[PDB]
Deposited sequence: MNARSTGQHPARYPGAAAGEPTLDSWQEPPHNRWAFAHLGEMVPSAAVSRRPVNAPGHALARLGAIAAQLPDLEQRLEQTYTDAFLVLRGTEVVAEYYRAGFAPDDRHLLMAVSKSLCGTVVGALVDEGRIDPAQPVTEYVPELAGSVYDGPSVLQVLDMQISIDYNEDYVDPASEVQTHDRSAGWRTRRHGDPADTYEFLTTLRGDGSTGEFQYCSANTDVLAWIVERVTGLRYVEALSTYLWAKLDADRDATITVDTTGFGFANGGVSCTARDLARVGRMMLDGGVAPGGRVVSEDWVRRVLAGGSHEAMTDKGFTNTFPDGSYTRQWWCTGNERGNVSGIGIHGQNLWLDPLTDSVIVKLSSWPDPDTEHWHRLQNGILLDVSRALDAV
């Protein structure tokens, strides 16, 4: 029993519709207008072959930039300095307005939605997760605070080894529809989360994608809105974005908050712009000045024991779904496997978006190359 969840549509029964009932009334009225949410679908282009490189000024400072982008399997790259796009790159086959999977950069967007609700006083990070999701009692989420979920400081028996077929990460994917279901798997993401356990210890950073989905669940319970709608209402609809974003959903219509969002590079940059603007977007304030300040300030350094991060960023940390480098530039970034970054460079009031498709999800090699590019581009923006 996972309790009350936002109906797929007004008046919809729990879990309706399913792949086998969407053609039946009363579900069909909603389904006929949102079939992509039920069945895999392709776009039939309204528009009738080569990479687009417009690395503007930074090109002079970084002559081999395009080659470096190709070497890191770059699909879309965009640099926003202030309110101006000063550099752009799109691989052959990927249009400037095409959307790209954000993977874990999605987490930073979810944390933003949580921050908005904290500002409204609908969520108190000091409160235990169970204050909002009682059904998580008896699980590893029984005891920890919402802030500990936000900062990922909960010890959990969860193997985030993507390529490993036995890990909890694969089960998470199967429960959400990212992979084929196996007999006995949890029915949906909510159920999967309730199966998680840990030794009860907290305080130390442990990257776990389940944490973000718990945040999305909390968002749904406090607002009564499907996470998909909450993500739009509290964030996307206030960005004056060029295109809607998309998010994969499981069989109940629950969005894969931890990593299923897709959007254009230019629109993702609008999220960064909002962060550098103290939490304000064209459509209104998204989060408070305080929330943004706390994100830029970083999390507890002592909690950050991930050498995969500290080897490059010794004074790094993590807080509210954002990775904080703690470097001399105060860089903070949303990160997603296979090379996704929503990189903030407050010094130059710039945002760097890099959406890629490395063959591997996470290796020292790829991160070394990628971070080298992000840091070089950031420095190229400094006054000289």
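Gaps without C-alpha coordinates occur at 1 to 4, 53 to 56, with positions taken along the deposited sequence from 1.
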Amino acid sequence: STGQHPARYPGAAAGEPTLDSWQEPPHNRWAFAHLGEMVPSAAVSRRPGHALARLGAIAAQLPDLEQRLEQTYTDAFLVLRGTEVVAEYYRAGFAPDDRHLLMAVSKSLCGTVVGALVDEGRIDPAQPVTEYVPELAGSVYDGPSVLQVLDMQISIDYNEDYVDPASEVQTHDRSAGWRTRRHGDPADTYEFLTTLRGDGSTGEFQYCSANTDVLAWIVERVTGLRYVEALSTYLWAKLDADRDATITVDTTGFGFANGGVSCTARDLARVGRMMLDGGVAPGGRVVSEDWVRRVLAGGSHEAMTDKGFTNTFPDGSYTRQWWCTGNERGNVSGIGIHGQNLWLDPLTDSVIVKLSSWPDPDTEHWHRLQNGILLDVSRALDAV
From here on, numbers count along this sequence of modelled residues.
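If you average the C-alpha B-factors over 72 to 80 and over 85 to 93, the higher value belongs to 85 to 93. Judged by mean Cα B factor in the deposited record, 158 to 166 ranks above the other of 264 to 272 and 158 to 166. Of all the options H27, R47, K354, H34, the entry's greatest CA B-factor is assigned to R47. Within the selection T248, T310, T252, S108, the deposited Cα B-factor values reach their highest point at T310. Per the PDB record, residue ranking by Cα B-factor puts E135 in the highest third of the chain. Among the modelled residues of the chain, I335 sits in the lowest third by CA temperature factor in this PDB entry. The entry lists a Cα temperature factor for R54 that places it in the highest third of the chain's modelled residues.
Ranked within its chain, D315 lands in the lowest third, by CA B factor from the PDB record. Residue-level temperature factors show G115 in the lowest third of its chain, judged at the C-alpha atom.
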